[PDB]
Ligand SMILES: O=c1[nH]c(=O)c2[nH]c(=O)n(C[C@@H](O)[C@H](O)[C@H](O)CO)c2[nH]1
Ligand SMILES: O=c1[nH]c(=O)c2[nH]c(=O)n(C[C@@H](O)[C@H](O)[C@H](O)CO)c2[nH]1
Ligand SMILES: O=c1[nH]c(=O)c2[nH]c(=O)n(C[C@@H](O)[C@H](O)[C@H](O)CO)c2[nH]1
Ligand SMILES: O=c1[nH]c(=O)c2[nH]c(=O)n(C[C@@H](O)[C@H](O)[C@H](O)CO)c2[nH]1
Ligand SMILES: O=c1[nH]c(=O)c2[nH]c(=O)n(C[C@@H](O)[C@H](O)[C@H](O)CO)c2[nH]1
Ligand SMILES: [K+]
Ligand SMILES: [K+]
Ligand SMILES: [K+]
Ligand SMILES: [K+]
Ligand SMILES: [K+]
Ligand SMILES: [K+]
Ligand SMILES: [K+]
Ligand SMILES: [K+]
Ligand SMILES: [K+]
């Protein structure tokens, strides 16, 4: 996976968790032979798909990272619905893997357990990057060459 | 700073007070970021927002949507919100322009007041949405083509 | 408001309420100077989007009126889902406001109370027309002239 | 009259008895409206309906989709009905052709029988879906260009 | 005899044993139908399927999608299923190609095992998806232009 162009875009709402998710992503890339990928920051999860649409015109793969926790209003449902619609529409418009590494949890302890911190049980940020990179290599084999 | 961006705000009128509070907080962030007079447009309900926002998109770098939708005794709450979701998301990708979602979705009237930026409110979503739109407009400019 | 082309498309399912909706829309059209709007009838709410798509080709605003009441099956949810997706896609393809005056209630007494009958609480049929006319008048001032 | 309209019907196969009962009511209405032999095509499941409906819309004025989806023990039910709702809605507007939704969504099997047009049923949705398609086509015919 | 049709299969890897069980059933239906060597591609997750299926569609008459999504402790379940539903439905209509939906969605692991087609399973949904893709392909072939 040395010749694949990778991009990462991560939101900033709930800072501590997002930094953990970006850390797993970066570590997976460097171990797979990719030094410095393109990393872009945004404020919220709803602003992700419009930045990924721009990034897909120059890269082989995009990894989107975020965290959305349930509150006391039905606001949770609609923030997650946009990300679902947006990323799916960007993937098929540009024929590029967009990996969804956006966490959707009920409590904030669950979000901490899936970010890849010292005592976490999981790192879905690392999973997402492996997902994007493997797909990119697959598309390269299936396409016109040699 | 964000002095060079073209910004538009579109806000509905259903529930006057809360809408007037959301517009107030949005205007204060715009002014503090260097933008004195943005394009402000009023509409009746939240369903009319996406079509007006599509018009603003072909002349602006950032569009901010403001409104309030409170749950009644019929499932009418669900489908008003569903319309705003699909509309604002499709507009954003057709025009390659960030559209901020600052339309409140609450169960009670108290909650809606508490997130509107009034004297004794817990937060202001209208101010939050305007920061979301300007910052994403500045990012796209850096990513896009310049000398 | 007299220079506005206005089309109204009303469903037939639950006849009594539909005619109450349609006459509320008529009164507020006539009061705003528009004596004779284009009125088209359809049977089910599902058939509204396709007819509105046609009416958008030579009108400034379209109003959609209907009634959907919940039964013993999840059928209620999918009828509303179609209406939501259709009118949203019709408004954005033709850059025309399409007012959503389709009533969605749990019991029948609720749908009567929102129809604008002699002793009802309010009239959503009139509200939807004011919504279309005002938005049409807004798009007029924003667009090219003179 | 109403005999100038060309009609197409696509019905899935999942659940034997009920699909045939839906097609029967559809067939009765068409012949009663002057249309003796409409284009009938069979598919396996409800997910395969949209893609055949897209093909039939290229030389027909109206298309009727028929089928049955009954709830099981997994959330599978929700996602079969989403694909049908999304698919047909896209097809109807792409081709500017009415696509009638006569696919049943029920919690039990006894509910799906009662709405299929059987000897002891309370109603028949297959007949209602066809009427909806023919009427809408005739309306579009009048609204569109003719000498 | 479906010896003429060009078939592609795309199967995710999340939950290894079940994804092997799904693909085994799909290969066997293809082999009995006269199709010896189909195009088999693997991916990591279910979200990754629609984009690989879109590439496969440019060169095949039908595509089969296989995978497993089991519910957890967070609302994550709904959203992974939502993306698969939207993606596949849009791909099938864009390309005018049947895309069979053999991605399992269950509440327990024991339920996903029972519909995969193991030695003691109740059913095999992998085989069911392929039969759906092949039959629809032959139908579109009959409906489309030929001398
Ligand atoms: O196929 C999957 N089944 C699951 O139960 C499950 N849970 C889960 O988190 N994923 C992730 C997978 O769909 C994607 O690789 C990822 O979400 C995209 O970045 C998956 N994938
Ligand atoms: O990433 C987010 N996580 C949340 O829990 C959450 N709650 C919340 O209100 N936002 C805002 C974000 O979705 C948008 O930027 C905002 O709606 C402005 O359009 C976010 N963003
Ligand atoms: O306007 C409707 N209100 C309802 O409560 C209801 N229930 C119901 O089954 N329909 C059918 C109608 O939307 C369509 O004509 C039908 O789906 C056939 O395409 C309708 N229409
Ligand atoms: O902003 C709104 N909040 C609500 O709770 C609510 N409920 C409600 O019925 N409307 C009307 C609005 O969506 C539209 O103007 C109307 O549907 C006409 O198309 C609104 N608007
Ligand atoms: O018509 C159907 N009704 C159901 O309840 C049901 N459940 C179910 O799994 N299918 C399969 C069908 O949607 C597709 O042919 C299958 O998913 C392969 O793409 C169907 N089809
Ligand atoms: K690319
Ligand atoms: K190749
Ligand atoms: K723009
Ligand atoms: K640049
Ligand atoms: K127009
Ligand atoms: K002007
Ligand atoms: K046609
Ligand atoms: K005409
Ligand atoms: K093909």
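By the numbers in Swiss-Prot, the shown part of chain A spans 15-160.
Per the header of the entry, the method used was X-ray crystallography, 2.8 Å.
For all residues, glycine too, the Cβ spot is worked out from N, Cα and C.
Feature annotations, reproduced from Swiss-Prot:
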- A:89: active site, proton donor (ACT_SITE)
- A:27, A:59, A:60, A:61, A:81, A:82, A:83, A:114: 5-amino-6-(D-ribitylamino)uracil binding site (BINDING)
- A:86, A:87, A:128: (2S)-2-hydroxy-3-oxobutyl phosphate binding site (BINDING)
> So which of the binding-site residues is most packed in, judged by how many other Cβ atoms lie within 10 Å of its Cβ, out of A:60, A:81, A:82?
Replying inline: A:60
> Rounded to the nearest angstrom, how far is the Cα of residue A:27 (5-amino-6-(D-ribitylamino)uracil binding site) from the Cα of residue A:86 ((2S)-2-hydroxy-3-oxobutyl phosphate binding site)?
Replying inline: 17
> Taking DSSP three-state, what's residue A:83 (5-amino-6-(D-ribitylamino)uracil binding site) in: helix, strand or coil?
Replying inline: strand
> Per DSSP, to which secondary structure element type does residue A:114 (5-amino-6-(D-ribitylamino)uracil binding site) belong, with helix, strand and coil as the options?
Replying inline: strand
> If you measure from the Cα of residue A:87 ((2S)-2-hydroxy-3-oxobutyl phosphate binding site), which of the binding-site residues A:60, A:61, A:114 is the nearest?
Replying inline: A:60
> Among the recorded positions (A:59, A:82, A:89, A:114), which are close to chain E, meaning C-beta separation under 8 angstroms?
Replying inline: A:114
> According to DSSP, does residue A:60 (5-amino-6-(D-ribitylamino)uracil binding site) fall in a helix, a strand, or coil?
Replying inline: helix
>> Between residue A:128 ((2S)-2-hydroxy-3-oxobutyl phosphate binding site) and residue A:114 (5-amino-6-(D-ribitylamino)uracil binding site), how many Å separate their Cα atoms?
In response: 14
> Looking at the recorded positions A:59, A:81, A:89, which ones have a CB within reach of chain B, meaning under 8 Å Cβ to CB?
Replying inline: A:89
> Relative to the Cβ of residue A:83 (5-amino-6-(D-ribitylamino)uracil binding site), which residues of the same chain, six or more apart in sequence, are found under 8 Å away?
Replying inline: A:28, A:90, A:119, A:120, A:121, A:122, A:125
> How many neighbouring Cβ atoms, not counting its own, are there within 10 Å of the Cβ of residue A:87 ((2S)-2-hydroxy-3-oxobutyl phosphate binding site)?
Replying inline: 18
